[PDB]
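Novice: Before we start, here is the structure in question, set down as structure tokens.
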Protein chains: 2
Amino acid sequence: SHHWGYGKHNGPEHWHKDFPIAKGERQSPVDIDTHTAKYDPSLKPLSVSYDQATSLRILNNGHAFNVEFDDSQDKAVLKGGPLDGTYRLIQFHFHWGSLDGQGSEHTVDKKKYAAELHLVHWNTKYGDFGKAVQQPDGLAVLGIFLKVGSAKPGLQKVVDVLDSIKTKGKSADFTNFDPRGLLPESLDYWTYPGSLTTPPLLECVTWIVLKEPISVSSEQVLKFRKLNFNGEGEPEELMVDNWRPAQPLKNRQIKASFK
Amino acid sequence: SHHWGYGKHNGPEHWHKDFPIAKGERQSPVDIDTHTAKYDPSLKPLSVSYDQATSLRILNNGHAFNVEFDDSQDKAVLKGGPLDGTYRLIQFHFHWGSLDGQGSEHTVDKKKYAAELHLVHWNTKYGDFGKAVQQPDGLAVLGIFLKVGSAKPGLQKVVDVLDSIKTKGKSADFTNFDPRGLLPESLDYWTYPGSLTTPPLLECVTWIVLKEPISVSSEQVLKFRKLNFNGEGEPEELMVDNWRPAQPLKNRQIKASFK
Ligand SMILES: [Zn+2]
Ligand SMILES: [Zn+2]
């Protein structure tokens with residue numbers, strides 16, 4: 001009965017009908033205006049501890065594809081930065097475009113990237129993800145821009161398995177993936193309080209959005225575009241433009257860890 | 001696997017473990033201290049429109065039994081009183097004791113009744129119940145005390161079907177029930193902002209609690225106590241004392257429609 005998507009009739013412009021928080025005061029994504037996003041010197045260094053990250057599976061959920069991690073222990077955690085205590089990595093996914101010029105959720109001085117990576121973490125204060133998503137400080141999503149340029153070696157293992165999860169509901173074993181291979185060199189970041197960028201759009205996310213994009217090749221991102229929103233047997237609907245546009249900032253302050 | 005109940009180990013004293021809102025600022029039930037619950041002359045008469053009410057079924061959910069109504073239209077609505085706009089009746093149920101001296105959720109100057117009836121309504125503003133339960137003004141529950149006295153004729157149709165829904169999961173067709181037959185003659189009420197009295201304890205409820213109890217016979221309430229929490233084939237666990245005790249009022253005001 002309930003569906004949502006990125007199409008003409010079920011798209012971001014309509015999500016409010018089932019999810020009234022879509023018009024809330026803390027919605028993501030947003031545009032980062034660098035002229036207004038002020039350097040905050042009290043922001044601490046971001047601590048990314050992914051050395052023991054344990055990936056398990058990869059799956060097409062009908063909106064994006066997710067790589068899932070074992071979050072039963074502190075094997076892959078985000079700490080410091082703007083955060084209070086310890087946030088475990090549960091999954092990552094991407095949003096991308098039908099063309100190289102668009103695909104990202106966050107924009108920077110109105111500039112769109114080809115795609116955006118989201119590493120999703122939950123506050124261990126709340127015992128599990130389910131309890132976390134319902135708290136204002138429940139999640140931390142580390143957001144990373146993807147520009148088209150040189151191939152990203154650390155992304156190839158993802159790209160290579162995509163032909164096995166073409167359609168909604170498909171999944172595959174996906175062990176030993178190294179998420180450090182998707183990070184840029186600089187951990188300089190912007191931060192602001194926001195939300196999930198898909199329904200149910202819960203306002204439980206501390207956003208950390210990195211200054212430095214990673215590069216991916218034209219052919220790498222092109223592989224993302226050969227996925228399907230639809231299930232097996234249904235009409236083909238290519239999985240492209242699965243991004244929500246910039247939402248009004250309202251009275252939120254985007255703080256910068258760098259000058 | 002998540003469970004809750006009224007037992008030693010899964011009871012109201014433990015609900016906070018899975019539902020941290022249990023310790024929130026707007027939890028129900030409460031004690032109504034009549035010395036402090038002040039008459040508010042600006043409170044309007046309560047408007048109960050149940051003339052077209054359409055009951056459908058009755059069911060044992062493993063925590064109480066519910067009589068469900070067709071809420072697809074304005075056939076049975078609560079309006080006026082402390083409420084803004086129109087609230088449709090979805091179901092009623094009761095909480096009761098193992099003895100005649102206890103069973104109610106709300107108390108009045110610490111006085112417990114043998115049971116408490118809850119007519120559950122949702123704000124039509126939000127399209128359905130599912131969306132309603134997540135809003136601060138989503139629900140209105142009309143609460144009515146039951147004291148042991150004379151038989152309530154309008155309750156007998158409920159009592160007579162209970163042998164057919166003994167155990168969790170059991171349901172039966174239940175048409176043409178008249179919910180007006182469960183009302184006392186006075187619609188004088190106390191009101192306060194609160195919550196669901198069972199998990200998930202959401203703080204979405206405008207409580208309207210009637211001053212005048214209805215009477216039920218000793219044998220009528222005794223029939224409620226022959227129901228089972230458990231499913232068919234499971235150990236017998238009599239459905240008694242399915243009430244949450246009074247929670248701290250915090251900085252809430254209980255207003256009275258009467259002097
Ligand atoms: Zn995302
Ligand atoms: Zn109830």
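How things are named: the first chain in the structure tokens is A, the next is B, and so on; residues count from 1 in each chain; ligands count from 1 in the order shown.
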Find the residues near ligand 1. Use a cut-off of 12 Å, count only C-alpha atoms and all ligand atoms, and write them as a PyMOL selection string.
Specialist: chain A and resi 28-29+63-66+91-96+103-106+115-121+140-145+195-199+201+205+207+209+242-245
Novice: Save the residues we just selected, N, CA and C atoms, as a short mmCIF file (atom, residue, chain, number, x, y, z; two decimals), in the first residue's frame?
Specialist:
data_model
loop_
_atom_site.label_atom_id
_atom_site.label_comp_id
_atom_site.auth_asym_id
_atom_site.auth_seq_id
_atom_site.Cartn_x
_atom_site.Cartn_y
_atom_site.Cartn_z
N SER A 28 17.18 17.46 5.82
CA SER A 28 18.34 17.35 4.95
C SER A 28 17.94 16.82 3.57
N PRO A 29 18.73 17.11 2.52
CA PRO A 29 20.01 17.84 2.60
C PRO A 29 19.82 19.34 2.54
N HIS A 63 15.72 1.71 -3.69
CA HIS A 63 15.99 3.15 -3.64
C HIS A 63 17.50 3.46 -3.78
N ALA A 64 18.34 2.63 -3.18
CA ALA A 64 19.78 2.66 -3.44
C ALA A 64 20.32 1.23 -3.19
N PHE A 65 21.64 1.07 -3.08
CA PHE A 65 22.21 -0.20 -2.61
C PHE A 65 23.01 0.10 -1.37
N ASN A 66 22.94 -0.81 -0.41
CA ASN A 66 23.55 -0.63 0.88
C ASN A 66 24.63 -1.72 1.08
N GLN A 91 25.91 0.86 7.98
CA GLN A 91 25.89 0.68 6.54
C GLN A 91 26.41 1.90 5.82
N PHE A 92 26.79 1.73 4.54
CA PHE A 92 26.94 2.84 3.62
C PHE A 92 26.13 2.61 2.33
N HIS A 93 25.81 3.72 1.67
CA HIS A 93 25.15 3.75 0.36
C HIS A 93 25.50 5.04 -0.35
N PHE A 94 24.99 5.20 -1.57
CA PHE A 94 25.23 6.37 -2.41
C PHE A 94 23.91 6.93 -2.95
N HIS A 95 23.95 8.18 -3.36
CA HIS A 95 22.90 8.82 -4.20
C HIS A 95 23.70 9.34 -5.42
N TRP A 96 23.12 9.20 -6.60
CA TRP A 96 23.78 9.58 -7.85
C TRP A 96 22.79 10.04 -8.90
N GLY A 103 23.67 14.49 -8.97
CA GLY A 103 23.64 13.25 -8.23
C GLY A 103 23.77 13.46 -6.74
N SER A 104 24.53 14.46 -6.31
CA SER A 104 24.64 14.69 -4.86
C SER A 104 23.40 15.29 -4.19
N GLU A 105 23.31 15.06 -2.88
CA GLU A 105 22.21 15.56 -2.09
C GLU A 105 22.58 16.95 -1.55
N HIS A 106 23.64 17.00 -0.75
CA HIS A 106 24.28 18.25 -0.36
C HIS A 106 24.90 18.89 -1.59
N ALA A 115 27.78 12.22 -7.39
CA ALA A 115 27.22 11.33 -6.39
C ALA A 115 27.65 11.74 -4.99
N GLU A 116 27.04 11.08 -4.00
CA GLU A 116 27.33 11.33 -2.61
C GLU A 116 27.29 10.02 -1.85
N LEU A 117 28.36 9.74 -1.12
CA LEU A 117 28.46 8.60 -0.24
C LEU A 117 28.02 8.99 1.20
N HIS A 118 27.27 8.09 1.84
CA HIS A 118 26.70 8.23 3.21
C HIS A 118 27.09 7.03 4.05
N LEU A 119 28.01 7.23 4.99
CA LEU A 119 28.35 6.24 5.97
C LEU A 119 27.52 6.50 7.24
N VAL A 120 26.74 5.51 7.62
CA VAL A 120 25.68 5.69 8.56
C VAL A 120 26.11 5.09 9.80
N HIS A 121 26.07 5.91 10.84
CA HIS A 121 26.44 5.44 12.18
C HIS A 121 25.36 5.75 13.22
N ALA A 140 24.79 9.69 13.18
CA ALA A 140 25.79 10.55 12.57
C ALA A 140 26.02 9.95 11.20
N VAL A 141 25.84 10.78 10.19
CA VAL A 141 26.13 10.36 8.82
C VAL A 141 27.27 11.19 8.32
N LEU A 142 28.29 10.47 7.87
CA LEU A 142 29.46 11.03 7.30
C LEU A 142 29.21 11.03 5.82
N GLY A 143 29.14 12.23 5.26
CA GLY A 143 28.83 12.45 3.86
C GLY A 143 30.09 12.86 3.08
N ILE A 144 30.24 12.27 1.89
CA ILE A 144 31.41 12.42 1.05
C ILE A 144 31.03 12.55 -0.38
N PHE A 145 31.46 13.63 -0.99
CA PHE A 145 31.15 13.91 -2.39
C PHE A 145 31.99 13.07 -3.35
N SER A 195 18.46 15.55 9.15
CA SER A 195 17.56 14.43 9.07
C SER A 195 18.03 13.38 8.10
N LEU A 196 17.32 12.27 8.14
CA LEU A 196 17.38 11.30 7.05
C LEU A 196 16.95 12.00 5.79
N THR A 197 17.65 11.75 4.67
CA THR A 197 17.23 12.35 3.37
C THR A 197 16.21 11.50 2.57
N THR A 198 15.74 10.40 3.14
CA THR A 198 14.69 9.59 2.57
C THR A 198 13.65 9.41 3.64
N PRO A 199 12.41 9.07 3.24
CA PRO A 199 11.42 8.70 4.23
C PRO A 199 11.95 7.58 5.10
N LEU A 201 12.43 10.37 6.96
CA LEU A 201 12.90 11.75 7.13
C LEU A 201 13.09 12.22 8.59
N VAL A 205 19.74 13.17 12.89
CA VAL A 205 21.07 13.02 12.28
C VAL A 205 21.97 14.23 12.53
N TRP A 207 24.86 15.65 10.87
CA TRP A 207 25.53 15.55 9.58
C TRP A 207 26.99 16.00 9.70
N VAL A 209 29.89 16.45 6.83
CA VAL A 209 30.06 16.47 5.38
C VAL A 209 31.47 16.96 5.07
N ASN A 242 18.47 9.37 -7.63
CA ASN A 242 17.91 8.98 -6.32
C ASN A 242 18.42 9.90 -5.19
N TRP A 243 18.28 11.22 -5.45
CA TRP A 243 18.73 12.26 -4.54
C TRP A 243 17.61 13.22 -4.26
N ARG A 244 17.55 13.64 -3.00
CA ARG A 244 16.64 14.67 -2.60
C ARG A 244 17.35 15.97 -2.81
N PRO A 245 16.66 16.98 -3.37
CA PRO A 245 17.27 18.29 -3.49
C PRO A 245 17.45 19.04 -2.15
#
Novice: Go ahead and align chain A to chain B (same sequence, so just pair every C-alpha in order, least squares) and export the moved chain as an mmCIF file with C-alpha atoms, in the first residue's frame.
Specialist:
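Output contents, as saved in out-v3.cif:
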data_model
loop_
_atom_site.group_PDB
_atom_site.id
_atom_site.type_symbol
_atom_site.label_atom_id
_atom_site.label_comp_id
_atom_site.auth_asym_id
_atom_site.auth_seq_id
_atom_site.Cartn_x
_atom_site.Cartn_y
_atom_site.Cartn_z
ATOM 1 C CA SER A 1 12.002 -11.206 20.048
ATOM 2 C CA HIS A 2 10.428 -8.105 21.679
ATOM 3 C CA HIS A 3 7.758 -8.682 24.314
ATOM 4 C CA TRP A 4 6.041 -6.673 27.006
ATOM 5 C CA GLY A 5 3.319 -7.469 29.565
ATOM 6 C CA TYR A 6 2.136 -6.912 33.116
ATOM 7 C CA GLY A 7 4.214 -9.658 34.757
ATOM 8 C CA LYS A 8 7.148 -9.612 37.236
ATOM 9 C CA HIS A 9 9.765 -9.465 34.465
ATOM 10 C CA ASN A 10 8.115 -7.703 31.501
ATOM 11 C CA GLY A 11 5.853 -5.352 33.436
ATOM 12 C CA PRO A 12 5.373 -1.554 33.576
ATOM 13 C CA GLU A 13 8.474 -1.182 35.832
ATOM 14 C CA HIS A 14 10.575 -2.577 32.886
ATOM 15 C CA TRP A 15 8.957 -0.986 29.826
ATOM 16 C CA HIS A 16 11.608 1.798 29.789
ATOM 17 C CA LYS A 17 14.225 -0.744 28.640
ATOM 18 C CA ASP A 18 12.704 -1.004 25.161
ATOM 19 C CA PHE A 19 10.598 2.232 25.351
ATOM 20 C CA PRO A 20 12.648 5.041 26.900
ATOM 21 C CA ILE A 21 9.718 7.468 26.609
ATOM 22 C CA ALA A 22 8.287 5.522 29.635
ATOM 23 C CA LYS A 23 10.237 8.059 31.742
ATOM 24 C CA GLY A 24 9.005 11.033 29.685
ATOM 25 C CA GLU A 25 7.362 14.324 30.654
ATOM 26 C CA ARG A 26 3.800 13.469 29.462
ATOM 27 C CA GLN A 27 3.105 9.871 30.533
ATOM 28 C CA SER A 28 -0.266 8.359 31.385
ATOM 29 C CA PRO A 29 -2.055 7.416 33.507
ATOM 30 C CA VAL A 30 -1.988 9.888 36.379
ATOM 31 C CA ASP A 31 -3.788 10.444 39.688
ATOM 32 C CA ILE A 32 -6.439 13.177 39.517
ATOM 33 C CA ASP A 33 -6.209 15.144 42.735
ATOM 34 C CA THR A 34 -9.518 16.970 42.891
ATOM 35 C CA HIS A 35 -8.145 19.541 45.342
ATOM 36 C CA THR A 36 -5.603 20.606 42.710
ATOM 37 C CA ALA A 37 -7.444 19.857 39.421
ATOM 38 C CA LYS A 38 -9.015 23.299 38.921
ATOM 39 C CA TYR A 39 -12.301 24.074 37.131
ATOM 40 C CA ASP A 40 -11.524 25.783 33.808
ATOM 41 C CA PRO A 41 -14.530 27.799 32.613
ATOM 42 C CA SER A 42 -13.117 28.181 29.060
ATOM 43 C CA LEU A 43 -13.487 24.404 28.479
ATOM 44 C CA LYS A 44 -16.299 23.696 26.010
ATOM 45 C CA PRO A 45 -18.977 21.019 26.271
ATOM 46 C CA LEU A 46 -17.902 17.660 25.047
ATOM 47 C CA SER A 47 -19.736 16.618 21.866
ATOM 48 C CA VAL A 48 -20.113 12.778 21.537
ATOM 49 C CA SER A 49 -21.740 11.845 18.160
ATOM 50 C CA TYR A 50 -22.030 8.030 18.188
ATOM 51 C CA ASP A 51 -25.521 7.567 16.622
ATOM 52 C CA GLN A 52 -24.067 6.055 13.418
ATOM 53 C CA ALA A 53 -21.240 4.039 15.114
ATOM 54 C CA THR A 54 -20.383 0.925 13.055
ATOM 55 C CA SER A 55 -18.618 -1.838 15.023
ATOM 56 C CA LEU A 56 -16.891 -4.593 13.038
ATOM 57 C CA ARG A 57 -15.007 -7.090 15.225
ATOM 58 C CA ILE A 58 -13.782 -7.954 18.679
ATOM 59 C CA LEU A 59 -10.345 -9.395 19.365
ATOM 60 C CA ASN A 60 -7.964 -10.598 22.104
ATOM 61 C CA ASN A 61 -4.598 -8.945 21.428
ATOM 62 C CA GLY A 62 -2.750 -10.614 24.365
ATOM 63 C CA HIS A 63 -2.928 -7.455 26.516
ATOM 64 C CA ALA A 64 -6.652 -6.572 26.433
ATOM 65 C CA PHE A 65 -9.618 -7.095 24.041
ATOM 66 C CA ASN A 66 -10.541 -4.456 21.518
ATOM 67 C CA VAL A 67 -13.871 -3.680 19.736
ATOM 68 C CA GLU A 68 -12.985 -2.150 16.360
ATOM 69 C CA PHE A 69 -15.007 0.374 14.409
ATOM 70 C CA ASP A 70 -15.245 1.501 10.833
ATOM 71 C CA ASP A 71 -13.290 4.785 10.885
ATOM 72 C CA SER A 72 -13.462 5.327 7.140
ATOM 73 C CA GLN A 73 -16.033 8.104 7.717
ATOM 74 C CA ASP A 74 -17.296 10.473 10.406
ATOM 75 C CA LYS A 75 -19.782 7.867 11.735
ATOM 76 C CA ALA A 76 -18.620 8.103 15.336
ATOM 77 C CA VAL A 77 -16.780 11.241 16.365
ATOM 78 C CA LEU A 78 -15.680 13.151 19.405
ATOM 79 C CA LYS A 79 -15.631 16.991 19.055
ATOM 80 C CA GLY A 80 -15.588 20.100 21.226
ATOM 81 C CA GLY A 81 -14.444 19.757 24.803
ATOM 82 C CA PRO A 82 -10.710 20.495 24.881
ATOM 83 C CA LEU A 83 -10.319 19.358 21.256
ATOM 84 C CA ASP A 84 -9.499 21.100 17.994
ATOM 85 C CA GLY A 85 -11.475 19.577 15.093
ATOM 86 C CA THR A 86 -12.749 16.068 14.611
ATOM 87 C CA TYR A 87 -11.659 12.800 16.127
ATOM 88 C CA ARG A 88 -12.952 9.452 14.768
ATOM 89 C CA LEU A 89 -13.572 6.423 16.961
ATOM 90 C CA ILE A 90 -11.270 3.550 15.948
ATOM 91 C CA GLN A 91 -11.666 1.133 18.924
ATOM 92 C CA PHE A 92 -12.487 0.646 22.581
ATOM 93 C CA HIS A 93 -10.984 -1.641 25.252
ATOM 94 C CA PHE A 94 -10.735 -1.985 29.036
ATOM 95 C CA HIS A 95 -8.106 -2.397 31.792
ATOM 96 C CA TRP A 96 -9.240 -4.330 34.898
ATOM 97 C CA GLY A 97 -8.065 -6.016 38.075
ATOM 98 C CA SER A 98 -7.862 -9.442 39.651
ATOM 99 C CA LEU A 99 -10.082 -8.037 42.466
ATOM 100 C CA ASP A 100 -12.947 -5.546 42.504
ATOM 101 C CA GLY A 101 -10.835 -3.001 44.399
ATOM 102 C CA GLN A 102 -8.371 -2.352 41.578
ATOM 103 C CA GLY A 103 -8.196 -2.344 37.820
ATOM 104 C CA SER A 104 -8.315 1.294 36.714
ATOM 105 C CA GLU A 105 -5.381 3.186 35.225
ATOM 106 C CA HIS A 106 -6.417 6.701 36.249
ATOM 107 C CA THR A 107 -7.128 7.136 39.948
ATOM 108 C CA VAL A 108 -9.086 9.949 41.650
ATOM 109 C CA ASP A 109 -7.675 11.145 44.955
ATOM 110 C CA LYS A 110 -5.796 7.786 44.913
ATOM 111 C CA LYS A 111 -9.076 5.863 44.527
ATOM 112 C CA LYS A 112 -8.946 2.885 42.160
ATOM 113 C CA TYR A 113 -11.912 1.549 40.219
ATOM 114 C CA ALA A 114 -12.592 -2.059 39.200
ATOM 115 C CA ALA A 115 -11.866 -1.219 35.564
ATOM 116 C CA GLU A 116 -11.463 1.561 33.031
ATOM 117 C CA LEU A 117 -12.942 1.883 29.561
ATOM 118 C CA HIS A 118 -10.891 3.679 26.776
ATOM 119 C CA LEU A 119 -12.628 4.885 23.642
ATOM 120 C CA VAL A 120 -9.867 5.686 21.208
ATOM 121 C CA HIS A 121 -10.176 8.378 18.675
ATOM 122 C CA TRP A 122 -7.829 9.926 16.087
ATOM 123 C CA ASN A 123 -7.607 13.429 14.685
ATOM 124 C CA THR A 124 -8.891 13.452 11.105
ATOM 125 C CA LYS A 125 -6.505 16.354 10.411
ATOM 126 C CA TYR A 126 -3.795 13.667 9.953
ATOM 127 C CA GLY A 127 -5.517 11.402 7.395
ATOM 128 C CA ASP A 128 -5.130 8.117 9.278
ATOM 129 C CA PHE A 129 -4.367 6.684 12.707
ATOM 130 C CA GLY A 130 -0.755 5.855 11.716
ATOM 131 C CA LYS A 131 0.060 9.496 11.045
ATOM 132 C CA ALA A 132 -2.089 10.638 13.988
ATOM 133 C CA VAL A 133 -0.184 8.604 16.688
ATOM 134 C CA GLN A 134 2.991 10.510 15.888
ATOM 135 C CA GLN A 135 1.489 13.996 16.493
ATOM 136 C CA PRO A 136 1.118 15.741 19.899
ATOM 137 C CA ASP A 137 -2.643 16.303 19.240
ATOM 138 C CA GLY A 138 -3.074 13.018 17.340
ATOM 139 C CA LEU A 139 -5.361 11.080 19.647
ATOM 140 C CA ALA A 140 -8.156 11.688 22.076
ATOM 141 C CA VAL A 141 -9.026 8.938 24.502
ATOM 142 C CA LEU A 142 -12.245 9.169 26.370
ATOM 143 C CA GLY A 143 -11.733 7.384 29.654
ATOM 144 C CA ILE A 144 -14.580 6.042 31.802
ATOM 145 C CA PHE A 145 -14.404 4.402 35.181
ATOM 146 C CA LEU A 146 -16.228 1.148 35.955
ATOM 147 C CA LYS A 147 -17.459 0.492 39.480
ATOM 148 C CA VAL A 148 -18.960 -2.742 40.656
ATOM 149 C CA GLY A 149 -22.683 -2.322 41.253
ATOM 150 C CA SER A 150 -25.718 -2.881 39.035
ATOM 151 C CA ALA A 151 -25.329 -4.736 35.724
ATOM 152 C CA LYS A 152 -24.695 -2.489 32.726
ATOM 153 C CA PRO A 153 -27.178 -3.617 30.089
ATOM 154 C CA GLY A 154 -25.174 -2.040 27.244
ATOM 155 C CA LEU A 155 -22.120 -4.089 28.240
ATOM 156 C CA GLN A 156 -23.876 -7.514 28.076
ATOM 157 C CA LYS A 157 -23.337 -7.903 24.320
ATOM 158 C CA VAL A 158 -19.577 -7.664 24.930
ATOM 159 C CA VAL A 159 -19.633 -10.076 27.862
ATOM 160 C CA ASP A 160 -21.653 -12.625 25.858
ATOM 161 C CA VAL A 161 -19.068 -12.932 23.067
ATOM 162 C CA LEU A 162 -15.949 -13.194 25.362
ATOM 163 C CA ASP A 163 -15.982 -17.022 25.504
ATOM 164 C CA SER A 164 -15.167 -16.899 21.707
ATOM 165 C CA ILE A 165 -11.955 -14.793 22.053
ATOM 166 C CA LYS A 166 -10.401 -16.481 25.121
ATOM 167 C CA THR A 167 -6.798 -16.497 23.892
ATOM 168 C CA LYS A 168 -4.377 -14.140 22.177
ATOM 169 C CA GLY A 169 -4.995 -13.747 18.467
ATOM 170 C CA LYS A 170 -8.628 -14.858 18.558
ATOM 171 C CA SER A 171 -11.237 -12.603 16.949
ATOM 172 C CA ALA A 172 -14.950 -12.643 16.087
ATOM 173 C CA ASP A 173 -17.399 -10.628 14.022
ATOM 174 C CA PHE A 174 -19.053 -7.956 16.142
ATOM 175 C CA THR A 175 -21.619 -5.832 14.327
ATOM 176 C CA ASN A 176 -24.203 -3.279 15.499
ATOM 177 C CA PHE A 177 -22.618 -2.677 18.947
ATOM 178 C CA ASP A 178 -23.907 0.570 20.461
ATOM 179 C CA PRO A 179 -21.110 2.442 22.306
ATOM 180 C CA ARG A 180 -23.631 4.981 23.700
ATOM 181 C CA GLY A 181 -24.714 2.128 25.975
ATOM 182 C CA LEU A 182 -21.353 2.441 27.787
ATOM 183 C CA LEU A 183 -21.620 6.157 28.590
ATOM 184 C CA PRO A 184 -22.702 7.596 31.967
ATOM 185 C CA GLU A 185 -25.397 10.340 32.036
ATOM 186 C CA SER A 186 -22.973 13.208 32.801
ATOM 187 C CA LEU A 187 -20.294 14.164 30.271
ATOM 188 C CA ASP A 188 -18.447 16.265 32.878
ATOM 189 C CA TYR A 189 -14.751 15.595 32.419
ATOM 190 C CA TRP A 190 -11.157 16.158 33.489
ATOM 191 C CA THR A 191 -8.559 16.726 30.717
ATOM 192 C CA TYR A 192 -4.736 16.737 30.448
ATOM 193 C CA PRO A 193 -2.064 16.076 27.754
ATOM 194 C CA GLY A 194 -0.633 12.551 28.046
ATOM 195 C CA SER A 195 0.265 9.305 26.397
ATOM 196 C CA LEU A 196 -0.667 5.823 25.442
ATOM 197 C CA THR A 197 -0.746 3.763 28.669
ATOM 198 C CA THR A 198 0.844 0.745 26.917
ATOM 199 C CA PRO A 199 3.957 0.488 24.792
ATOM 200 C CA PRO A 200 4.933 2.296 22.696
ATOM 201 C CA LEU A 201 3.739 4.925 25.237
ATOM 202 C CA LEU A 202 3.639 7.717 22.616
ATOM 203 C CA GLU A 203 2.857 11.188 23.961
ATOM 204 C CA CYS A 204 0.132 11.833 21.403
ATOM 205 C CA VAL A 205 -3.035 11.724 23.577
ATOM 206 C CA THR A 206 -5.430 14.383 24.757
ATOM 207 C CA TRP A 207 -6.987 12.580 27.722
ATOM 208 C CA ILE A 208 -10.667 13.172 28.513
ATOM 209 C CA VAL A 209 -11.632 11.362 31.708
ATOM 210 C CA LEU A 210 -15.259 11.444 32.802
ATOM 211 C CA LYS A 211 -16.272 12.335 36.339
ATOM 212 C CA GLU A 212 -19.167 9.881 36.498
ATOM 213 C CA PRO A 213 -18.339 6.140 36.520
ATOM 214 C CA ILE A 214 -20.606 3.543 34.930
ATOM 215 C CA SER A 215 -21.688 0.545 37.029
ATOM 216 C CA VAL A 216 -21.021 -3.059 35.977
ATOM 217 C CA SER A 217 -22.028 -6.183 37.889
ATOM 218 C CA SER A 218 -19.674 -8.401 39.859
ATOM 219 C CA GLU A 219 -20.349 -11.195 37.294
ATOM 220 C CA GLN A 220 -19.754 -8.915 34.253
ATOM 221 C CA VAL A 221 -16.264 -7.857 35.330
ATOM 222 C CA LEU A 222 -15.585 -11.449 36.490
ATOM 223 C CA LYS A 223 -16.009 -12.555 32.848
ATOM 224 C CA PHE A 224 -13.195 -10.192 31.752
ATOM 225 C CA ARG A 225 -10.946 -12.099 34.267
ATOM 226 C CA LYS A 226 -11.539 -15.449 32.548
ATOM 227 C CA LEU A 227 -9.708 -14.245 29.397
ATOM 228 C CA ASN A 228 -6.093 -15.324 28.769
ATOM 229 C CA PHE A 229 -2.957 -13.256 27.986
ATOM 230 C CA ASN A 230 -1.489 -16.371 26.376
ATOM 231 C CA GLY A 231 -2.109 -17.932 23.007
ATOM 232 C CA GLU A 232 -3.899 -21.214 22.413
ATOM 233 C CA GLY A 233 -1.717 -24.161 23.525
ATOM 234 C CA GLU A 234 0.490 -22.016 25.777
ATOM 235 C CA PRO A 235 0.355 -22.171 29.596
ATOM 236 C CA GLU A 236 -2.731 -20.472 31.010
ATOM 237 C CA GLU A 237 -2.121 -16.968 32.226
ATOM 238 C CA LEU A 238 -5.321 -15.225 33.251
ATOM 239 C CA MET A 239 -5.819 -11.740 31.784
ATOM 240 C CA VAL A 240 -5.973 -9.714 35.008
ATOM 241 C CA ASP A 241 -4.306 -6.534 36.302
ATOM 242 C CA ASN A 242 -3.584 -5.216 32.789
ATOM 243 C CA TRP A 243 -3.262 -1.635 34.089
ATOM 244 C CA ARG A 244 -0.372 0.717 34.318
ATOM 245 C CA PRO A 245 -0.137 2.516 37.639
ATOM 246 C CA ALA A 246 -0.256 6.353 38.045
ATOM 247 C CA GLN A 247 2.754 8.170 36.515
ATOM 248 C CA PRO A 248 4.219 11.468 37.753
ATOM 249 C CA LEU A 249 2.262 14.490 36.564
ATOM 250 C CA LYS A 250 5.453 16.621 36.214
ATOM 251 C CA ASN A 251 4.477 20.135 35.100
ATOM 252 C CA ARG A 252 1.112 19.306 33.608
ATOM 253 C CA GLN A 253 -2.197 20.860 34.584
ATOM 254 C CA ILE A 254 -5.335 18.695 34.891
ATOM 255 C CA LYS A 255 -8.304 20.951 33.984
ATOM 256 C CA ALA A 256 -11.904 20.334 34.996
ATOM 257 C CA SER A 257 -15.017 21.089 32.884
ATOM 258 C CA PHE A 258 -17.176 21.270 36.051
ATOM 259 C CA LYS A 259 -17.214 22.711 39.571
#
Novice: Give the helix (DSSP H, G or I) residues of segment 6-146 of chain B, as assigned by DSSP on the backbone, as an MDAnalysis selection string.
Specialist: chainID B and resid 12:17 20:23 124:126 129:132
